[PDB]
Amino acid sequence: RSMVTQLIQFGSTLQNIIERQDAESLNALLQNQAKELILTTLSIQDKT
Amino acid sequence: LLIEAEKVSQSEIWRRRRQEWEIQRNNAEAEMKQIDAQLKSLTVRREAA
(Lines give C-alpha, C1' and ligand atoms only; values in the text may rest on other atoms or scores of the structure.)
Protein backbone atom coordinates (compact mmCIF):
# COMPACT_ATOMS: atom_id res chain seq x y z
CA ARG A 1 0.00 0.00 0.00
CA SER A 2 2.90 2.34 0.76
CA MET A 3 4.40 1.44 -2.61
CA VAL A 4 1.13 2.14 -4.42
CA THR A 5 0.65 5.57 -2.87
CA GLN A 6 4.24 6.42 -3.76
CA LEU A 7 3.44 5.43 -7.34
CA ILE A 8 0.31 7.57 -7.42
CA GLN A 9 2.41 10.56 -6.31
CA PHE A 10 4.66 9.92 -9.32
CA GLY A 11 1.58 9.76 -11.56
CA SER A 12 0.36 13.18 -10.41
CA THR A 13 3.79 14.71 -11.01
CA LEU A 14 3.97 13.22 -14.51
CA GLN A 15 0.53 14.57 -15.42
CA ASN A 16 1.54 18.09 -14.39
CA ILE A 17 4.81 17.86 -16.35
CA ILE A 18 3.08 16.74 -19.57
CA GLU A 19 0.50 19.54 -19.49
CA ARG A 20 3.22 22.07 -18.75
CA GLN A 21 5.45 21.10 -21.68
CA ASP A 22 2.49 21.21 -24.06
CA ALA A 23 1.71 24.76 -22.93
CA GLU A 24 5.33 25.77 -23.51
CA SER A 25 5.50 24.33 -27.03
CA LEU A 26 2.25 26.11 -27.93
CA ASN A 27 3.73 29.39 -26.69
CA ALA A 28 6.85 29.07 -28.86
CA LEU A 29 4.70 28.31 -31.91
CA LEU A 30 2.66 31.49 -31.34
CA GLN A 31 5.86 33.54 -31.18
CA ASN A 32 7.22 32.29 -34.51
CA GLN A 33 3.92 32.98 -36.24
CA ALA A 34 3.97 36.54 -34.86
CA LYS A 35 7.42 36.98 -36.42
CA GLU A 36 6.19 36.05 -39.91
CA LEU A 37 3.18 38.36 -39.60
CA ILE A 38 5.29 41.37 -38.63
CA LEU A 39 7.45 40.79 -41.73
CA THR A 40 4.38 41.01 -43.97
CA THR A 41 3.14 44.22 -42.33
CA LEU A 42 6.57 45.81 -42.84
CA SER A 43 6.40 45.18 -46.59
CA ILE A 44 2.90 46.67 -46.70
CA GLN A 45 4.11 49.85 -44.97
CA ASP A 46 6.87 50.18 -47.57
CA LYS A 47 4.32 50.07 -50.38
CA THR A 48 2.30 52.75 -48.54
CA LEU B 1 -8.96 102.86 -95.39
CA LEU B 2 -12.05 101.37 -93.77
CA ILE B 3 -11.63 98.25 -95.93
CA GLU B 4 -8.02 97.91 -94.80
CA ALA B 5 -9.07 98.41 -91.17
CA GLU B 6 -11.58 95.57 -91.42
CA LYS B 7 -8.93 93.30 -92.96
CA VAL B 8 -6.35 93.89 -90.24
CA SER B 9 -8.97 93.49 -87.50
CA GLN B 10 -10.04 90.13 -88.90
CA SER B 11 -6.42 88.96 -88.95
CA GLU B 12 -5.98 90.02 -85.34
CA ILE B 13 -9.03 88.14 -84.10
CA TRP B 14 -7.69 85.11 -85.94
CA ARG B 15 -4.44 85.40 -83.99
CA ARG B 16 -6.27 85.69 -80.66
CA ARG B 17 -8.39 82.66 -81.59
CA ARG B 18 -5.23 80.66 -82.30
CA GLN B 19 -3.77 81.62 -78.93
CA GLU B 20 -6.88 80.32 -77.17
CA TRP B 21 -6.55 77.08 -79.16
CA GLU B 22 -3.00 76.72 -77.87
CA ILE B 23 -4.02 77.25 -74.24
CA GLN B 24 -6.65 74.52 -74.60
CA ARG B 25 -4.07 72.16 -76.11
CA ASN B 26 -1.69 72.69 -73.20
CA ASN B 27 -4.43 72.03 -70.65
CA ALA B 28 -5.31 68.77 -72.39
CA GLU B 29 -1.69 67.58 -72.42
CA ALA B 30 -1.26 68.48 -68.74
CA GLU B 31 -4.35 66.48 -67.77
CA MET B 32 -3.01 63.54 -69.79
CA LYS B 33 0.30 63.50 -67.90
CA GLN B 34 -1.66 63.81 -64.64
CA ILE B 35 -3.72 60.71 -65.41
CA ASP B 36 -0.62 58.69 -66.33
CA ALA B 37 1.02 59.52 -63.00
CA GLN B 38 -2.22 58.59 -61.23
CA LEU B 39 -2.06 55.22 -63.01
CA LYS B 40 1.37 54.69 -61.48
CA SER B 41 -0.10 55.44 -58.05
CA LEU B 42 -2.92 52.97 -58.62
CA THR B 43 -0.66 50.10 -59.65
CA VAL B 44 1.38 50.70 -56.49
CA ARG B 45 -1.85 50.32 -54.50
CA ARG B 46 -2.53 47.10 -56.41
CA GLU B 47 0.86 45.68 -55.38
CA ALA B 48 0.07 46.56 -51.77
CA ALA B 49 -3.24 44.68 -52.00
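Residues numbered from 1 in each chain as written, not as in the entry; some residues may be left out. Chains lettered and ligands numbered in written order. Part of a larger assembly, values for the part shown. Heavy atoms only, no water.

Regarding how it was determined, this PDB entry cites cryo-EM in its header, along with a resolution of 4.0 Å.

A.B. asks: I would appreciate a short explanation of the overall build of chain B in the present structure.
C.D. replies: Each helix and strand in chain B was counted, giving one helix and zero strands. Oriented by its inertia axes, the alpha-carbon framework of chain B measures out at about 75 × 5 × 5 Å. About 5100 Å² of surface is accessible on chain B, with carbon and sulfur atoms providing 57% of the total. Each charge class in chain B can be summarised by its mean position, and for the 10 positive and 9 negative side chains these summaries are 5 Å apart. (Helix = DSSP H or I, 4+ residues; strand = E, 2+ residues; numbered from the N terminus. Areas by Shrake-Rupley, 256 points an atom, 1.4 Å probe, with all protein chains shown as cover. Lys, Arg positive; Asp, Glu negative; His and termini not counted. Charge placed at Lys NZ, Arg CZ, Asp CG, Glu CD.)

A.B. asks: In this structure, what is going on with the overall build of chain A? I would like to understand it.
C.D. replies: Across its full length, chain A carries one helix and zero strands. Once the C-alpha set of chain A is aligned to its principal axes, its extents read approximately 70 × 10 × 5 Å. Considering chain A as a whole, with its 48 residues, one finds that 0% of them fall into the buried category. Accessible surface, chain A: about 4700 Å² in total, of which carbon and sulfur atoms supply 60%. One finds the centroid of the 4 positive side-chain charges in chain A at a distance of 4 Å from the centroid of its 5 negative side-chain charges. (Buried < 20%, exposed > 50% of the residue type's maximum accessible area, 1.4 Å probe, protein only.)

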